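Residue numbers (PDB author numbering), protein chains in the order written: chain A, 1 to 357; chain B, 1 to 357; chain C, 1 to 357; chain D, 1 to 357.
Don't be surprised by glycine CBs; every beta carbon is placed ideally from N, CA and C.
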């Protein structure tokens, strides 16, 4: 027949991201998921910060945001339990008390600095009212190279899926999968390990069966897309919701129910080569988040990747309260931070004890 | 069985763009493709303008860009042959000699003003070296609403596909289809008729058979994606390349060969409900572009949509030359513009005569 | 880069059915869709025949089936209005009154003989209760070559889609599209023009809007699949339902409503290169079927392919009744057949007159 | 908005095979993959049997086929190392020496009886010359229910992918994935655990890198399809090739290279919930097949499912030779069978020792 010489990269099986950061990516990821450690998510937007401060009456300025972050980041000792921090863009450039930038300070202290690189939720337009896509791919490589150069070595991008009426449009499932897979690839290209966050939200009256049905489908499509875009599985992480009943469903699950539904869902879709899952805690209480993670790490189902946390409110809530926005609340604020971080560090080892909370 | 009440928009067959500009979109499009008329593409970037001016020694300033556009846009009389102009963002805000903005002036004169809304080509990263995606979806609705408000009623977004080694990666085929279909939807949502331009480039040594094989595949995937995103076919247009031998292939086709390969390719993939195809002229001479369009409009194959032009260099080249960047070349510059615009207007009627060029 | 020489057929854009019957396929199809002609579907299974005979008390034997077919097929003169007959496998081998096989007799008389080659409906298993796939791909090439050798030059394969609750599973949409596209390809390979029948059934209480929403989606997916399998559009035909309200919806549409919804649906999805659509009449009365086709051929929307009929009950019903299963009803049976065939022949020209029925 | 009540099975995330054999499937599979055990594939067709007998001069009759099977199946003691036997259809109905059917005899002896249910390879028609699809879906449920009723509790279906020129068409990749996923679903529905065999063949001059690139792509598409059809991962098994250099490449890999490429490939695509992989040995020597499996079970990469064998020639070759087609070779034939089965049983434990072969 008529044969032609072509590049192998023009062939379907050869669409694979080739990145010279490869080995570095793989090493960051193992660092991120070290045993007894997890990630502190501290990438609240300026607005989310208003919310955060609201109950303590703290005014919403750059300086105060800095302080709210320093509260945790300069909590010496937290490094034993937190392996990386997802910063907000503003924090990357702020200075730690030593005068190093935050990324510089954390690296020195042994904590990998990451950055939230998505540009926020927007209406999906296709599919059903209430569904949302996420923006931020334009100019992405240039931002990401700039964060790398600032010292970040991982990034995070969140897509959400709102269950309504027991289901989600296939439009959001596909489109958001496609966005996450693109983001992953480009992150790896620029040297940052991508945290792929496909959050099936806890919002609504749905139950845990509905949650599992939608998550399993959403997440397999995210996987199919990562394959289709060529991701380095060994240099990537997942940040999924746990499978639980909906926030307004009226029902609460035990942690052992949670860990089984979650882990059996994940084991159906996530390749064992992905090094770790850093669960989001969205809507759960600080205690539940620890109890639920702990059960995961005690679940008899297959779970070949590390199962750890990537939490924001569930690690900060009480701290924020005790801190009060004042220098004077600083110590108590930390004590509380440390305790929650320790709880969760044990829960990753599967040794947390509720009597201890 | 277990039944549940859901929104119809959560169902697969209901992912259809619902836009209150619908009827307006449909009417613009028919206006754009009126018999004996075509579109002037005048959306060169600032840089492309350097190129354009290079041979006449015209310096590259905003003022001179304005003049280069006014050369054509204020060429009274051109309105008989041009139904719409694809402006560059800068031109939207510049003023015509009457002091109306350009969009305002053209509308008054009967010419629909459109706007190039993509953000330019960038490396695809996936697929093979040399392939390119197009940026610009972020912030798109807000830009588009702003152009609408300025009077534009259509927009244009170009994706390209570089044939190398006889083929193109399936990665570029899919990804660029996906980008075009998203852009289409959002354009319609904001009131602008989208020109979907999936250009299989003339660049390379490939021949016309290779061109047809790749275009047919690229374009069916663009269609499948438009269906999958929910486009209003009746409010959309296509701006494809013609199917011709590659620029460095060494071969030149007759116009009748061209029109048959082109039209038989399109008739295999484009739904008859899409109102019109406004061919790009990329790489063809000014004469060829007219001869080739003319043959299309004389082709016995099925061609239910309007077949017209959407040309830039092939309508401006000579004009630019005769104009010379000087007030003094103005009249000759126009004469030439008018003549090429008239040639092409006849070629859309299938009555162009080469003896006349 | 690393380049490799491969077959062009290993590349995505080169998966195109290459069939030496190509030109013959194209010619059959134009024959099938000649102006003022349509297809008689006479491919009832043995069982369907029980039904057919039930009201006339005709016993269900091979001999009687033969006679029931001969009633129409040896109705000299019907050749003016019918261009091809879809036979059942049994009929292919039966003999006409001249002693030629039926295929031989029809060809001699100017009627292209086709054959129903699917193996019947079966439970889809995936998707929702009530949905159905169609069997018959195994051993297909050998059957098809055998029909060709017997003189058939086209074939027919029917898939169905049952609307329930306003919708259909995406599973049936995809799977049945995939089956139709495979069948098409293989038919063409063996020399038979494939009639692709994706019937959205009239069954249920749905309305005409629901019908249009599901048909448009079902049919675009059938098209995407035909492209994906490589079909010769110019050597293929479509046999879709008309878009009408559901049989138990309680509403009846005018013919002009029907033709607009139908033709605007088709014009959104079917490539203009497919030579013709031979509508099925499933559930409509004999009169409605003619009135509805007539309106199609009077519809101002785009409709580049031939729009004709491929009917069974709506051409046989009355005939069967008048014939009565007796030699003695033969003449009246034919008269009635002829009249319905003439009605429909005019309706294809867009000149049918109801005053005439 | 307009809401409608639909079946949940009409929604995308609900296309999941619901089978009342579920728990039984899961239990068979764990039985099949018990530690230190593997499957004997004895499903050679009548023709393959000619080949098999050729070198020993054994005539090719049903009786002799029976004897060739009895050689292994009535090799008392083999039950310690073999957990299930893939029979050929003919063997299902033949009788063991006790007068039980083979399935009955094996079950009694503790060996799960399975059945090869595909109908053989055929030309793909689409894609490139040399590629092949597999037939057998028509009438599948009725066959499968009949095997179940005969006592089989698992089945096997093989698809192949021929690397040529370094690659494979995307057509074969997709189509064969689609066939395997359909087969899986239907098998589970009828009570038989499906062995999904997507064999990337060892045939050709390709190297091990090419093998890994194609297998990874072929196998992820098989997975995506299994998800898309709704398979019960926990009740399914995989029978893939190992990743090795091509048979005519001129290079031989060490077993440790093999196990790393294989396991790292699988860990990128196969969900950890699939209970086990039963490798095929196609083209490898009897020794290599054991050494290669052993290394797998010694590989430090992630490998959450059982890694065992499903071998035919590599367990029978020598035996067949020693047996000689004669009663008289019977004992030596068994000795050899036992030894190879023991080798492989140890290799599944990762304790095989080559000094022992």
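Tell me which residues share the same chain as residue i and place their Cβ nearer than 8 Å to its Cβ, disregarding the 5 neighbours each side in the sequence.
i: residue 408 of chain C; result: Nothing about residue 408 of chain C can be reported from this structure: the residues present for chain C run from 1 to 357 only.
i: residue 223 of chain A; result: 269, 270 and 271
i: residue 273 of chain C; result: 233 and 234
i: residue 17 of chain B; result: 185, 188, 189, 229, 230, 231 and 232
i: residue 161 of chain A; result: 131, 168, 172, 173, 176, 198, 199, 200, 201, 214 and 218
i: residue 322 of chain D; result: 329, 332, 333, 335 and 336
Does any CB atom of chain C fall closer than 8 Å to the CB of residue i?
i: residue 213 of chain B; result: yes
i: residue 119 of chain D; result: yes
i: residue 264 of chain B; result: yes
i: residue 1 of chain B; result: yes
i: residue 229 of chain D; result: yes
i: residue 160 of chain B; result: no
Within 8 Å of any Cβ in chain D, is that where the Cβ of residue i sits?
i: residue 165 of chain C; result: yes
i: residue 9 of chain C; result: yes
i: residue 128 of chain C; result: yes
i: residue 170 of chain B; result: yes
When DSSP builds the beta bridges, which residues end up paired with residue i?
i: residue 133 of chain B; result: B/122
i: residue 5 of chain A; result: C/5
i: residue 306 of chain D; result: D/276
i: residue 262 of chain B; result: According to DSSP, residue 262 of chain B bridges with nothing at all.
i: residue 154 of chain A; result: A/114 and A/193
i: residue 160 of chain C; result: C/199
i: residue 311 of chain D; result: D/40
Taking CB distances under 8 Å as the criterion, tell me whether residue i reaches chain A.
i: residue 14 of chain D; result: yes
i: residue 137 of chain B; result: yes
i: residue 208 of chain B; result: no
i: residue 272 of chain D; result: yes
Here's a check: name, in chain order, each residue in its chain whose Cβ is nearer than 6 Å to the Cβ of residue i, leaving out the five neighbours to either side.
i: residue 140 of chain C; result: 186
i: residue 55 of chain C; result: none
i: residue 251 of chain C; result: 245
Identify, in the order they occur along the chain, each residue of the same chain with its Cβ nearer than 7 Å to the Cβ of residue i, setting aside the five sequence neighbours on each side.
i: residue 249 of chain D; result: 205, 206 and 207
i: residue 41 of chain C; result: 86, 310, 311 and 312
i: residue 357 of chain C; result: 287, 290 and 343
i: residue 143 of chain B; result: 117
When the cut-off is 8 Å and only beta carbons count, does residue i lie next to chain B?
i: residue 5 of chain D; result: yes
i: residue 125 of chain A; result: yes
i: residue 185 of chain A; result: yes
i: residue 259 of chain C; result: no
i: residue 29 of chain C; result: no
Is it the case that the CB of residue i approaches a heavy atom of the ligand NAD more closely than 7 Å?
i: residue 60 of chain B; result: In the structure on display, the ligand NAD does not appear, and there are no ligands present to speak of.
Going along the chain, which unbroken runs of the alpha helix (DSSP H) with 4 or more residues stay wholly within the segment 31–119 of chain B?
-> 46–54, 62–73, 89–93 and 102–108
The segment 73–82 of chain D touching the segment 149–156 of chain D, judged by at least three CB pairs closer than 8 Å = no
Along the chain, which unbroken stretches of the alpha helix (DSSP H) at least 4 residues long are found entirely within the segment 195–246 of chain A?
-> 208–229
Check whether the segment 236–253 of chain D touches the segment 195–202 of chain D, counting contact only when three or more Cβ pairs, one atom from each stretch, lie closer than 8 Å.
-> yes
May I ask you to verify whether the segment 119–133 of chain B touches the segment 169–177 of chain A, counting CB pairs closer than 8 Å and requiring at least 3?
-> no
Any chance the segment 102–113 of chain D sits against the segment 79–93 of chain D, with 3 or more Cβ pairs inside 8 Å?
-> yes
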